[PDB]
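A note on names: the letters A, B, ... follow the listed sequences, proteins ahead of strands, and every chain is numbered from 1. Computed from heavy atoms alone, side chains included, the values below leave out hydrogens, waters and symmetry copies.
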There are 2 protein chains.
Amino acid sequence: XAXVXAXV
Amino acid sequence: XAXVXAXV
DNA sequence: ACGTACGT
DNA sequence: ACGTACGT
Ligand SMILES: *C(=O)c1cnc2ccccc2n1
Ligand SMILES: *C(=O)c1cnc2ccccc2n1
Ligand SMILES: *C(=O)c1cnc2ccccc2n1
Ligand SMILES: *C(=O)c1cnc2ccccc2n1
Ligand SMILES: [Mn+2]
Ligand SMILES: [Mn+2]
């Protein structure tokens, strides 16, 4: 759920 | 992510 | 269930 | 002169 590199 | 010239 | 982020 | 960055 976090988006820092994918943002699921 | 390394920073040795840009640091991203 | 998911990888993005640069230049001296 | 090289890899760090999170939870809905
Ligand atoms: C977001 O909160 C989140 C948490 N755990 C994960 C595990 C695997 C893929 C994506 C995920 N996203
Ligand atoms: C994004 O591509 C990405 C990859 N790995 C991680 C590990 C820990 C926190 C955040 C991350 N983000
Ligand atoms: C940092 O770990 C890192 C890794 N690969 C990259 C590629 C392109 C721009 C920035 C990057 N940063
Ligand atoms: C910084 O500007 C920079 C440019 N190219 C590189 C190549 C290899 C290692 C580190 C680098 N840093
Ligand atoms: Mn991963
Ligand atoms: Mn987790």
Asks: Give me the distance, rounded to whole Å, that separates C:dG3 from D:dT4 when you measure between the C1' atoms they each carry.
Replies: 12 Å

Asks: Can you tell me if the sugar in C:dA1 is north or south, using the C1'-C2'-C3'-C4' torsion?
Replies: south

Asks: Considering every strand shown, what is the Watson-Crick or G-U wobble mate of C:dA5 when both distances are under 3.5 Å?
Replies: none

Asks: North or south: where does the sugar of C:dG7 fall when you read the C1'-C2'-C3'-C4' torsion?
Replies: north

Asks: Among the nucleotides C:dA1, D:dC6, C:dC6, which one has an atom lying closest to any side-chain atom of A:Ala2?
Replies: D:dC6

Asks: Quick one: classify the glycosidic conformation of D:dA1 as syn or anti, with syn meaning within 90° of 0.
Replies: syn

Asks: Nearest to the side chain of A:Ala6 - C:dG3, C:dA5, C:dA1?
Replies: C:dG3

Asks: Taking the side chain of A:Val4 as its heavy atoms from C-beta onward, which of D:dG3, D:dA1, D:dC6 lies nearest to it?
Replies: D:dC6

Asks: Distance between the P atoms of C:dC2 and D:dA5, in whole angstroms?
Replies: 23 Å

